Amino acid sequence: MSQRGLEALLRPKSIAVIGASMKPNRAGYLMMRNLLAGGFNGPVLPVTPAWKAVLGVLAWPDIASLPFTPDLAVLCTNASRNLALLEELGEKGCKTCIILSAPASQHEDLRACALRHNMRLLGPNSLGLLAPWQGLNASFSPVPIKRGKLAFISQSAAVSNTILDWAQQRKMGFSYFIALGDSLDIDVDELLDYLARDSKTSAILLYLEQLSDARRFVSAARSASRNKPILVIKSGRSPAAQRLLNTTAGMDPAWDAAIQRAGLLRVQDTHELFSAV
Amino acid sequence: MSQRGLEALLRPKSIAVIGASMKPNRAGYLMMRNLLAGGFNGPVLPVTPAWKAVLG
Amino acid sequence: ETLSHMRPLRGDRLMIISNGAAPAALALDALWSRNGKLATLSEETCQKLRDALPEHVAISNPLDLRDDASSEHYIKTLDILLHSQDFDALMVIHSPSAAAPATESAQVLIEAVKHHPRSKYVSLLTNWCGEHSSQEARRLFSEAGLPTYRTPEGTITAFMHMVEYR
Ligand SMILES: CC(=O)SCCNC(=O)CCNC(=O)[C@H](O)C(C)(C)COP(=O)(O)OP(=O)(O)OC[C@H]1O[C@@H](n2cnc3c(N)ncnc32)[C@H](O)[C@@H]1OP(=O)(O)O
């Protein structure tokens, strides 16, 4: 809830990578490479029992061995270690974590564990986030990025990669790029509240599939759009698409009415999204 | 002499960089960048009183 | 593009595969807005469940190979689908990913289509998203005579134009 706590996620001073690896085909390898190439001003701490060093950086055998408390952590491991690793991180004192994978039958335990330690989690099955002005690339994406003034929020990894590639073609940049995943703890309304006050952001673009709290979304969007323009694309208008996405509950004219009442505008298809960028 | 003893120079397992720095025009910056891009299998350790971290 | 490269249709049943869900959903929405027809898989074609597709892939149309799909998965699926008679046209979507680079995937798809005995009974359509990274792939598709389009909605529109003409 508190806007205090998002600072560690969006402006971290140190990051730990759980499961960093020397094997070129591993997720930890890609995350380590991206972070090292980002241009970060803090330390990047690898944690793994299988290597003494990763890409030239001295490693540590386990979480308890770290020299101090990291601001932000990333899990790059199998879902069966999630709860134990989260408990260890909570004991150490970390307050923010990104989770690569998890089944749906784990959500309740994850929420309870996060509440116990006062920790925030970026949705499981999340692609990550990028913040060019801080020189931070904590993501599993293979597309590079540049500095800009536009912010983008997405609930789909493929759309994120596509938009990044389009931006690369046209020599255009961003101020923030965040993927939500399953939106278990951190959700769209909090990010809208945060971005309404960021001095480097002048416009916001969103791709959405579903919502959990309508009133907070409406209030946040209405407040944020007073001084910055906001556009939205929303998919799943047909029964087959709803079945594919598992969003059969709800009605699309309600989305139309809600979007209009908050002062936003809806775009229709992929071409209009590029034109909107 | 001491043909044993060149192994550390030519096949080292770890290297320390005295004077590593974040300023792009410094010699330690260039050395750190070259070492990190080389493809080394060991750790590279920076030593300096003026920075908490160097190139991550 | 369509008049230049696409093989003439023998029917109006469409099949879709992708390495991601949202592009397929956008395709489905566009198809619904124009009153198109989706194909139905037969029970025997469940060789897909056995044929090395991991256990977490759901077998239906559209067939969502996940974000971590590799080129070999594409080739196996293409072979099994082409040996059946359940559809008249096939749409193949590819999004940028580390596990399946664009150029290599395009090359393997081209060879697989070239060497298949029953390829001349169906119409192929490709949609490789990502402007910067798919230039060489689109060039390779052009030399082999396979049609290619920029967005899924455009692909659906091109297909439905010929359906309506017939
Ligand atoms: C949202 C997106 O689009 S992300 C990009 C798309 N990619 C994906 O969706 C695929 C993501 N999934 C994967 O990459 C894989 O399925 C994984 C990582 C989830 C599982 O791979 P697994 O082999 O099951 O992982 P596992 O946890 O057993 O091991 C991973 C690494 O952690 C290391 N490890 C094991 N235990 C620990 C531990 N306690 N602490 C730290 N590291 C550990 C293992 O050594 C292994 O490293 P190594 O291979 O270098 O030896």
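A, B, ... follow the sequence lines: proteins, then strands. Residue 1 opens every chain. Any value given below was found using the heavy atoms of this structure, including those in side chains, with hydrogens, waters and symmetry copies removed. Just so you know, ligand 1 is whichever comes first in the structure, and atom 1 is the first atom listed for that ligand.
- Between C:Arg150 and C:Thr155, the closest side-chain pair of non-hydrogen atoms is not below 4.5 Å.
- Among protein heavy atoms, atom 32 (O) of ligand 1 sits closest to A:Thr77 CG2, 3.6 Å.
- In A:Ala179, neither the side chain nor the backbone holds a heavy atom less than 4.0 Å from any atom of ligand 1.
- Inclusion of A:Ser101 in the set of residues having an N or O under 3.5 Å from an N or O of ligand 1 is not warranted.
- Among the atoms of A:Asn125, none of the N or O lies under 3.5 angstrom from an N or O of ligand 1.
- Among protein heavy atoms, the minimum distance from atom 27 (O) of ligand 1 is reached at A:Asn78 N, 2.7 Å.
- Between the C:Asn61 side chain and the C:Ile16 main chain, a donor and an acceptor come within less than 3.5 Å of each other.
- No part of A:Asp62 comes within 4.0 Å of ligand 1, judged by heavy-atom distances.
- The protein atom (non-hydrogen) at minimum distance from atom 45 (O) of ligand 1 is A:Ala50 CB, 4.2 Å.
- Residue A:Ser126 places a heavy atom less than 4.0 Å from ligand 1.
- Looking only at heavy atoms of the protein, atom 6 (C) of ligand 1 is closest to C:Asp67 CB, 4.3 Å.
- The protein heavy-atom contact nearest to atom 18 (C) of ligand 1 is A:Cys76 O, 3.9 Å.
- Regarding atom 4 (S) of ligand 1, its nearest protein heavy-atom neighbour is A:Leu100 CD1, 3.9 Å.
- With A:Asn34 contributing its side chain and A:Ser139 its backbone, the two residues share a donor-acceptor pair below 3.5 Å.
- Taking 4.0 Å as the cut-off between side-chain N and carboxylate O, A:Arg111 and A:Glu108 do not count as a salt-bridged pair.
- Distances from atom 22 (P) of ligand 1 to the protein include at least one heavy-atom value under 4.0 Å.
- For atom 2 (C) of ligand 1, the nearest protein heavy atom (residue, atom name, distance) is A:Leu127 CD1, 4.0 Å.
- Residues A:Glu190 and A:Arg216 are not paired through a salt bridge, judged by the lack of any N-O separation under 4.0 Å between the basic side chain and the carboxylate.
- Ligand 1 places these atoms under 4.0 Å from at least one heavy atom of A:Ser21: 48 (P), 50 (O).
- For atom 16 (O) of ligand 1, no protein heavy-atom neighbour is present inside the 4.0 Å cut-off.
- Those atoms of ligand 1 with a heavy atom of A:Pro49 less than 4.0 angstrom away are 41 (C), 42 (N), 43 (C).
- Remark: ligand 1 atoms within the under-4.0 Å shell around heavy atoms of A:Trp51 are 50 (O).
- Counting heavy atoms under 4.0 Å from ligand 1, residue A:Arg81 touches it through the side chain alone.
- Backbone and side-chain nitrogen or oxygen atoms of C:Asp68 are examined, and none is located within less than 3.5 angstrom of a nitrogen or oxygen of ligand 1.
- Within the 3.5 Å criterion, the main-chain N or O of A:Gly236 finds a donor-acceptor partner in the side chain of C:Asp29.
- Aromatic ring orientation, A:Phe177 versus A:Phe152: parallel (interplanar angle below 30°, classes split at 30° and 60°).
- A donor and an acceptor atom, one from each side chain of A:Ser160 and A:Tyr207, are nowhere located under 3.5 Å apart.
- The pair A:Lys13-A:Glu7 does not meet the salt-bridge criterion, since no charged nitrogen lies less than 4.0 angstrom from a carboxylate oxygen.
- In summary, of the residues considered (B:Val47, B:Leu35, B:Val54), a side-chain contact (heavy atoms from CB on, under 4.5 Å) with B:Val17 occurs for B:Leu35 alone.
- Scanning all protein heavy atoms for the shortest distance to atom 14 (O) of ligand 1 gives A:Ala27 CB, 4.2 Å.
- Contact atoms of ligand 1 toward A:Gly19: 41 (C), 42 (N) (distance under 4.0 Å to a heavy atom of the residue).
- Checking only distances, A:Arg26 does come within under 3.5 Å of ligand 1, N or O to N or O.
- Environment of CZ in A:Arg266: crowded, with over 12 heavy atoms of neighbouring residues, nucleotides or ligands closer than 6.0 Å.
- When the shell of 6.0 Å around NZ of A:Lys149 is examined, it contains more than 12 heavy atoms from other residues, nucleotides or ligands.
- Relative orientation of the C:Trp128 and C:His94 rings is parallel, given thresholds of 30° and 60° on the angle between their planes.
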